[PDB]
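Engineer: Would you mind keeping the following structure in view while I ask a few things?
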Amino acid sequence: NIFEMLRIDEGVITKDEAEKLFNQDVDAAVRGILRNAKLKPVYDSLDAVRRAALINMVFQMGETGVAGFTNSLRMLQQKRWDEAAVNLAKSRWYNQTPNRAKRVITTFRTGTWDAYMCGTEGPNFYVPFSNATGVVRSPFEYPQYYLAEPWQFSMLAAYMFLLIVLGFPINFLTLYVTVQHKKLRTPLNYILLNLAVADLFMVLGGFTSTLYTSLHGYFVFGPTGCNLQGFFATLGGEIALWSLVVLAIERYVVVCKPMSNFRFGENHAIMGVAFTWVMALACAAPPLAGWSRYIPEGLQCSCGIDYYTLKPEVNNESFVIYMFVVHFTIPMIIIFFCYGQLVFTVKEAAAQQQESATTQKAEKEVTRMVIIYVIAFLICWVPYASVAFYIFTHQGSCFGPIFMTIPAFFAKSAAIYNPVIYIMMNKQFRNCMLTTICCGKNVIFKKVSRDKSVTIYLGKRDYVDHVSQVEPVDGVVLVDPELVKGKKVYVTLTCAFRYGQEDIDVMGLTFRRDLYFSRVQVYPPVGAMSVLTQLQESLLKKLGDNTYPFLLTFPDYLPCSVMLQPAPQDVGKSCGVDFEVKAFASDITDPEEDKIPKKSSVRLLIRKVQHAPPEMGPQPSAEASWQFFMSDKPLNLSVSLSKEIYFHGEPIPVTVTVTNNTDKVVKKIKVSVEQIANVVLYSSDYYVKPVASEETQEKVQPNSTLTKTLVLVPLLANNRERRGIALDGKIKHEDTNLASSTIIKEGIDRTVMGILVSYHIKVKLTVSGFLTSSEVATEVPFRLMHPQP
Amino acid sequence: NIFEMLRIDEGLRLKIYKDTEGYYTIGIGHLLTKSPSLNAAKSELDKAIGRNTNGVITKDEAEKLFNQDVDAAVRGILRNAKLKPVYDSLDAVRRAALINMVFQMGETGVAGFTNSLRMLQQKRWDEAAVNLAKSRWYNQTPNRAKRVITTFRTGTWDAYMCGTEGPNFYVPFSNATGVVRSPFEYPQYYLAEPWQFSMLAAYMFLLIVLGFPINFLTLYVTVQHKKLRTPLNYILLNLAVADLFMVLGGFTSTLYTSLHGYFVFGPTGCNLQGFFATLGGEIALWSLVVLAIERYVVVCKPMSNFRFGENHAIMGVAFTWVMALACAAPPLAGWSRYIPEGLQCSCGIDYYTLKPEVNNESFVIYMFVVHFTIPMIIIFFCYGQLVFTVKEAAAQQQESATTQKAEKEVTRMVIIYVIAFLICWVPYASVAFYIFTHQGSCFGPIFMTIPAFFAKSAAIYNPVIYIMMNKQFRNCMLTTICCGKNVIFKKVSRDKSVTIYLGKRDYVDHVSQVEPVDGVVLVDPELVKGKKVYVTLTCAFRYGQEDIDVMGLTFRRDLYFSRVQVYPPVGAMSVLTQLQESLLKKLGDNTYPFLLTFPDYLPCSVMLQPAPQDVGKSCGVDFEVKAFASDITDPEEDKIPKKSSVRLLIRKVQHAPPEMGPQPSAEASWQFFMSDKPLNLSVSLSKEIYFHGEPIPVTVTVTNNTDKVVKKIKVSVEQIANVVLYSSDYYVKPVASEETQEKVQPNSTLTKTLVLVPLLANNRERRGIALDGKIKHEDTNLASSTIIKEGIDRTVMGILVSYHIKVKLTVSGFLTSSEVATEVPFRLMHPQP
């Protein structure tokens, strides 16, 4: 428009303030035009475009200068464009400023904004430089040294060289190391591996081609090569982007919800990598096939997406909006929500148990990484989005080649520093690459350590949990005086919640949560215990002189030993709670536990099992009635069981009694022993699943009653090869039974974390109504536990 | 002689007494002291006797005091010049008569007799007696003097004969007064008081009223009920017949005579009464001997239950009758005699009067020694070894409470059996022995009645202990006295309350672990309310008839028993099998599972084959799973309700193991008494484990280097039946046998292979053949070879079975034939299905 016209032509206050000073001159000049008797009729006759051209003349020369033009203003008023321009071209004004005048003179002839060219447009390219001097040539043919200094092309060659030397080894090593080591290949790392592949496409497809062209100073490969280079450069950047989005989603869902660790197998990881490739191709492909275009950007060396030149033939407006809104804002919102809720959950969880120092070290290291993840994301993509936005809002202004290079610097730098933060700073990949870079290197019972210095003793594995008080751990530890000299032996009780692989979760960001941990001294003691047990006395007399006792107690707010059943195809997936008694020697004071000298330590797992109590609860008898949308008649149902507490391998007779007073017919009566798997770690998440189920084919008629008793036998054998089934904690890969019903102590202070279990008989009536089938159902709770031996 | 003379005349007083003179005198006229003090008499008495007598001395001590007087008086006679030549002139008998005179009157009194002592020295007996009879001495004590005066005349002890002898009888009373008459003619009221004859009538009446019904009912009840008629009860029936002979033959006749007071029937009737009385008593005695022998052999050895048919029981009753007639008949035909005993009412054997015409000495010795010692030795040995066996057996498995109640009941009965036997026959034996040792002494009629009381009482109380206290006969007589009154499969009870379910009957026995019993039991809530249902595993050894064995003493032995509860259970079952889960889903809500396991020390299910004629004979091991309802707590297993209980038998069968043992190859050499050359024999089989119905090639190889010729070569598949219950008792038997007619020459070798086919069909109609346990009277096969686990703690009771190939060489030696033989073991079992 008029403001953009004079800004290009004519050339401390702000730019917006200068625009207002200009608008005052526009207002003042237009008044001056309408005042002069010679200028007013010409202004009224001419169109908005030629009016702005007249204002340009009135701006510089003034009303005085423009008023002197008799013949031209006559010919302009009479719609004679050529001879007006001829008279103008032969004047002092064209001689004074032939750059400015030639553009205005052509405007008077054409009557269109064709003359007003910022840069030099082309069929397959856009050079951000004026061809008024007559120096602009094709980027696909001749050198581009007129844009910027020749040494800056050597700088681009040196820069792209730096990206290849840093970029290729890091990403190639990431994949190479993964092929060697089995430890790394896990579904969560699949998305991190996709990030490595994405960055490799930026190196081979993008930077090496940009290097070759930067040396010559122009794009040698032509339009075809520019399309393919720009395609791989975009694809590499977009796959890298959406890889980080998927990684954020994964890390939020997998960490916060422990059940999802089982869920996320290889097929889900493939879907994440697939989605990454689909979203990348969704925005990378259209530039080739019409919607937008790949052209040489900046110095006309690197090819990229056209987000500056508004070409409605290829439709850049809608593409830049589509790109900006979706590919910028949505990842930002998703990633900030993901890691934001992640840190929110961890900070609240860390504050919940401040006694555990290990969680505080984790929470700190996570929050430090999340701040760096955000900084890396913003530094990468904000330059492109901000410049593209500023170019879109201010379209009339001109923009140089080096200005477009600044976003390209930070974005292509992300090809380097994203592997640093997401792969190199990752704890596992750091230790795995350390190995590769350095060429491969860098009755009563007991258990003996590996070094055979410390030897732990325990009376039993299965420790009982009574509702009021828990049965404590009791035992002794034999020590070698010669080996353990000037050292501290500690006996430790450990309760742990385990989810996922040990190497994969600990290394990524934060590790498995410990529900309760307890350290205790042994050799030498300050003296702890009041009086010793019969077990400790017997062991002291049996064993030699270097034997020392210990007594580790459980508090009242812990869960039982419970694991979850994996499928047979799930080879590398495990989640479950388990207790661990461990003893070790060390030089260091009390707080040095999390990290361990491996050789001296010895560990032996135990269980906090709950037997069924002597008092059986009240005989379960649920009852519920129903109505329907048309028929208002009642349908009374009453369920009743034999016992409140059933035992393992016991028949469960469900005496259902249904009295039908409604018009509808019932199709069938199905009973199901459904187990509620209530999983608790960070948040309360219930998970229902059926275990055993039996259904009768009998039908209840209108105004007819029925009394049937169906027996159900919930067993592990029939429920084998199923995901999510909670079992009692196994000792060492041996056969077990279905998980016991967890009992919680009445009116306790702290919340009970861990895997809680409860069973219930759920009868459901398939009622044959008016195509649609109404399924009414009711539940009644019961317990499945072991008997008292 | 002399001691018996003065004991009858002067009278033997044990305690200190004042004589006619009023001096302290003890024993047979043995003075103590002249002082009025009693302790002075005690002083000389205590010093003479040699202990604290306190006036009381034994009869034998009084005899020694008398012998001192005999010695002292004889010295006094020899001191006197008038008495010495008379003492020297007379014989031992008349010397004792003189000592009698010297005892009472003293040396002073006898010294005065001038004329008599002259005539006695001159061998003039009659006028001496006339002179002695005309003295103060005959006037003083004509009872005593008349006996001594007659002794001087005769020179025999006829005056001093205790009782009154006769042709057909012996009365234990003196005929010196002149009151004794024949027991076959006149009353005997002079012997004892008339009311004691009425007592005998009342006593014999009591024996008839108690004796006849008990023994007659025993036989009457047996004729009615089929259950009782069994070989073991045959000897108990013989006891009833024996006691009936004592009633009809003995007591009724004794009753008739006791009322009159003398034996009315004469010598002929006395012989017949005494014959039946002895016969009834002796058949009763030897019946108890046979009963003791039977009960020892039958109980301790389970195999003998089969053996004891009617013919062996008849031999026992026959032997009883033969031994009875062996001692009952001779009194009739000369050796001893039947005469009226005691009060001369009851007739019995003469064991008191020594009559060498009928030879009572040899008879009383023959009877006493044989009929007392042989039952005593046999019966005490029988019941002694029986209780010894049962007490040791009860201690072997104290876990079984049922055996402890039996062992207690047994020991209680055996003590009573001994007490009843001793109380019966000891009185007769002790009195007869005492009479034989002391023949010179007198014995009254009531003294002889005391043994007769206890022996005839045994006619009553033996039926009480042996028949009435017997468990079967007690329940059988109760009926008569009260007039006639007083794929998976399952089995339902009689009342149809409890219903047991089991997957299979044949449970397998592997050597290491036994396959356990698995199943469920359906229960009715309405019928079984406030009751306790138990499922029970029972392993049992059975021998003999079911009713008879409980009655004798103790019942069949259970090898192993284990009961288990069901409704309601302590909790539930830990983990269920596919069978229990399937049955629970098929059946309704009131179904409860059970799992009964076998230990490693039990045998297999094995029975023994009976003969076709053996209709009522059975012995064999079998397993029984039983379920029942009851009101009572756990230990009330011993008794069960017949209606609520339901039982289903099973087997602990052993299949042949997958890996066969080493190829059997036995070898043995032989020598002979004359020829010292070796005869090497070597046997070899195809397999260690043969199966049922498989050919058994016995490749015999005989290398003869001896001078003798072999007659033939016989091979035999022998079944060793090792039966163990109380003691280890092996029982060998052949099953299959084949023999070749070929002969091995001197210095010649032979290699032959004979095949043998052991089958049940060929071995039918044979006693003692062990078979695999039948389910329900169906066809089976020969018993499987039993396998025992290595190095177990407890001993394996039950019927163990094993097979071996026994080759025997009939060697034609120097008419006489030597039969050498060797064995090699093998197994006969079923294949793995």
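Note that the protein sequences, when read in sequence, are chains C and A. In terms of PDB author numbering, the first sequence is residues -159 to -149, -104 to 326, 1012 to 1339, 1343 to 1361. In terms of PDB author numbering, the second sequence is residues -159 to 326, 1012 to 1339, 1343 to 1361. Positions of the beta carbon are idealized from the N, C-alpha and C atoms, including for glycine.
1. With a cut-off of 8 Å, does the C-beta of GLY1298 of chain C fall near any C-beta of chain A?
2. By the criterion of Cβ-Cβ separation under 9 Å, what are the contact partners of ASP1043 of chain A in chain C?
3. Do the stretch 1064 to 1079 of chain A and the stretch 1135 to 1155 of chain A touch if we need at least three Cβ pairs shorter than 8 Å?
4. Among C:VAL1332, C:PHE276, C:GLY1323 and C:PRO1166, which residue has its Cα nearest to the Cα of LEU1206 of chain C?
5. Tell me, please, whether the CB atom of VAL1023 of chain C is closer than 8 Å to any CB atom in chain A?
6. With a threshold of 8 Å on Cβ separation, who are the neighbours of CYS140 of chain C within its own chain once the five nearest residues in sequence on each side are excluded?
7. Which class does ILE(-144) of chain A belong to by DSSP, given the choice of helix, strand or coil?
8. Just to make sure I have the definition right: I need the residues of chain A whose C-beta is within less than 9 Å of the C-beta of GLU1219 of chain C. Which are they?
9. Could you tell me which residues DSSP pairs with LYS1258 of chain A in its beta bridges?
10. For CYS185 of chain C, which of helix, strand or coil comes out of DSSP?
11. Are the beta-carbon atoms of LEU1121 of chain A and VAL1089 of chain A separated by less than 8 Å?
12. Per DSSP, what kind of secondary structure is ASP1139 of chain A in: helix, strand or coil?
13. Hey, which unbroken runs of the alpha helix (DSSP H) at 4 residues or more fall wholly within the stretch 246 to 323 of chain C?
14. Which same chain residues, not among the five before or five after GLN(-56) of chain C, have their C-beta less than 8 Å away from its C-beta?
15. Mapping the DSSP letters down to three states, classify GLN1038 of chain C as helix, strand or coil.
16. I'd like the list of long-range same chain contacts for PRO1166 of chain A, defined as Cβ closer than 8 Å, with 5 residues on each side in sequence excluded.
17. When the Cα of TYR26 of chain A is compared with those of A:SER98, A:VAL61 and A:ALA1136, which residue comes out closest?
18. For a contact meaning CB atoms closer than 8 Å, what does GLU1106 of chain A contact in chain C?
19. I'd like to check one pair, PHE146 of chain A with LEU1133 of chain A: are the Cβ atoms closer than 8 Å?
20. Could you tell me the distance, in whole angstroms, from the CA atom of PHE91 of chain A to the CA atom of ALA292 of chain A?
21. Does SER127 of chain C come out as helix, strand or coil in the three-state DSSP assignment?
22. At a Cβ threshold of 8 Å, is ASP1034 of chain A touching chain C?
23. Would you say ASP1114 of chain A lies against chain C (beta-carbon separation less than 8 Å)?
24. Where do the ends of the beta strand (DSSP E) carrying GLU1351 of chain A lie?
25. Can you confirm whether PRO1182 of chain C, when its beta carbon is compared against all beta carbons of chain A, has any partner nearer than 8 Å?
26. On the three-state DSSP scale, how would you describe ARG1067 of chain A?
27. Looking at the C-beta of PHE1354 of chain C, does it have a partner C-beta in chain A at a distance below 8 Å?
28. With a floor of 3 residues, list each beta strand (DSSP E) that falls wholly inside the stretch 57 to 95 of chain C, ordered by position along the chain.
29. Just checking: is the beta-carbon of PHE1216 of chain C within a distance shorter than 8 Å of some beta-carbon in chain A?
30. In the DSSP assignment, what are the bridge partners of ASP1074 of chain A?
31. Would you verify that the beta carbon of residue 1342 of chain A is, or is not, closer than 8 Å to some beta carbon of chain C?
32. Spatial neighbours of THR1278 of chain A within its chain, please: CB distance less than 8 Å, with the 5 preceding and 5 following residues excluded, ordered by chain position.
33. Which same chain residues, not among the five before or five after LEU194 of chain C, have their C-beta less than 6 Å away from its C-beta?
34. Would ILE205 of chain C be called buried (16 or more neighbouring beta carbons within 10 Å of its own) or exposed?
35. Mind listing the chain A neighbours of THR1278 of chain C? Cutoff is C-beta to C-beta under 8 Å, in chain order.
36. Does the CB of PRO1359 of chain C have a neighbour CB from chain A at under 8 Å?
Structural biologist: Reading off the structure:
1. For the purposes of this step, residue 1298 of chain C is taken as the residue at position 729 of the first sequence. With 8 Å as the cut-off, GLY1298 of chain C does not count as an interface residue toward chain A.
2. Numbered from its first residue, the second sequence carries residue 1043 of chain A at position 518. Within 9 Å Cβ-Cβ: nothing; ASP1043 of chain A doesn't reach chain C, min ~13 Å.
3. yes
4. Residue 1206 of chain C sits at position 637 when you count from the first residue of the first sequence. Of the listed residues, the one whose Cα sits closest to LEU1206 of chain C is C:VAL1332.
5. Your numbering for residue 1023 of chain C matches position 454 in the first sequence. Closer than 8 Å: no.
6. Your numbering for residue 140 of chain C matches position 256 in the first sequence. Around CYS140 of chain C: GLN225, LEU226, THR229, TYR1251 and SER1252.
7. Here residue -144 of chain A corresponds to residue number 16 of the second sequence, with the count starting at 1. Taken through DSSP and simplified to helix, strand or coil, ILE(-144) of chain A comes out as strand.
8. Residue mapping note: residue 1219 of chain C aligns to position 650 of the first sequence, counting from 1. Correct list: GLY1096, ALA1097, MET1098 and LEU1101.
9. One-based indexing of the second sequence puts residue 1258 of chain A at position 733. Its beta-bridge partners are A:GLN1244.
10. Reading the first sequence from its first residue, position 301 is the one you call residue 185 of chain C. If DSSP states are grouped into helix, strand and coil, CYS185 of chain C belongs with coil.
11. Looking up residue 1121 of chain A in the second sequence gives position 596. Looking up residue 1089 of chain A in the second sequence gives position 564. Result yes, Cβ atoms of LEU1121 of chain A and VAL1089 of chain A sit closer than 8 Å.
12. Within the second sequence, numbered from 1, the residue matching residue 1139 of chain A stands at position 614. Looking at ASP1139 of chain A - three-state DSSP - the assignment turns out to be coil, as it is neither helix nor strand.
13. 285 to 303 and 311 to 321
14. Against the first sequence, residue -56 of chain C aligns to sequence position 60. So the list reads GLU(-150), once near-sequence residues are dropped.
15. Residue numbering aside, residue 1038 of chain C sits at position 469 when the first sequence is read from its first letter. DSSP places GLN1038 of chain C in coil when its eight states are reduced to three.
16. For the purposes of this step, residue 1166 of chain A is taken as the residue at position 641 of the second sequence. Excluding positions up to five away in sequence, the list reads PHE1153, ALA1154 and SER1155.
17. Working through the second sequence from its first residue, we reach residue 26 of chain A at position 186. Here the closest residue by C-alpha is A:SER98.
18. In the second sequence, counting from the first residue as 1, residue 1106 of chain A sits at position 581. Result: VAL1282 and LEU1284.
19. By one-based count along the second sequence, residue 1133 of chain A stands at place 608. By one-based count along the second sequence, residue 146 of chain A stands at place 306. Yes, the Cβ-Cβ distance between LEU1133 of chain A and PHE146 of chain A is below 8 Å.
20. As a first step, residue 91 of chain A is located in the second sequence; it is residue number 251 there, counting from the start. As a first step, residue 292 of chain A is located in the second sequence; it is residue number 452 there, counting from the start. About 11 Å.
21. Residue numbering aside, residue 127 of chain C sits at position 243 when the first sequence is read from its first letter. Under the three-state reduction of DSSP output, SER127 of chain C falls in the helix class.
22. What you label residue 1034 of chain A is simply residue 509 of the second sequence in a count that begins at 1. Answer no: the Cβ-Cβ gap between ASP1034 of chain A and chain C never drops below 8 Å.
23. In the second sequence, counting from the first residue as 1, residue 1114 of chain A sits at position 589. So, interface residue.
24. Within the second sequence, the letter at position 823 stands for residue 1351 of chain A. 1345 to 1357 is the span of the beta strand (DSSP E), which, as asked, contains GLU1351 of chain A.
25. As a working mapping, residue 1182 of chain C is identified with position 613 in the first sequence. Cβ-Cβ to chain A under 8 Å: no for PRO1182 of chain C.
26. Translated into the one-based positions of the second sequence, residue 1067 of chain A becomes position 542. Strand.
27. Taking the first sequence and counting its residues from 1, the one referred to as residue 1354 of chain C is at position 782. Chain A, which has no Cβ nearer than 8 Å to the Cβ of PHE1354 of chain C, makes this no.
28. none
29. Within the first sequence, residue 1216 of chain C is the residue found at index 647, counting from 1. So, interface residue.
30. For the purposes of this step, residue 1074 of chain A is taken as the residue at position 549 of the second sequence. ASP1074 of chain A pairs with nothing; no bridge assigned.
31. Not modelled: residue 1342 of chain A, which lies between 1339 and 1343, the two residues flanking a gap in chain A.
32. As a working note, residue 1278 of chain A is residue 753 in the second sequence. Only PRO1222, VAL1223, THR1224 and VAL1225 meet the Cβ criterion.
33. Translated into the one-based positions of the first sequence, residue 194 of chain C becomes position 310. Cβ within range, chain order: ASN200.
34. Residue 205 of chain C sits at position 321 when you count from the first residue of the first sequence. It counts as exposed.
35. Indexing the first sequence from 1 puts residue 1278 of chain C at position 709. Per Cβ cutoff of 8 Å: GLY1113 and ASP1114.
36. Residue mapping note: residue 1359 of chain C aligns to position 787 of the first sequence, counting from 1. True, the Cβ-Cβ gap to chain A drops below 8 Å.
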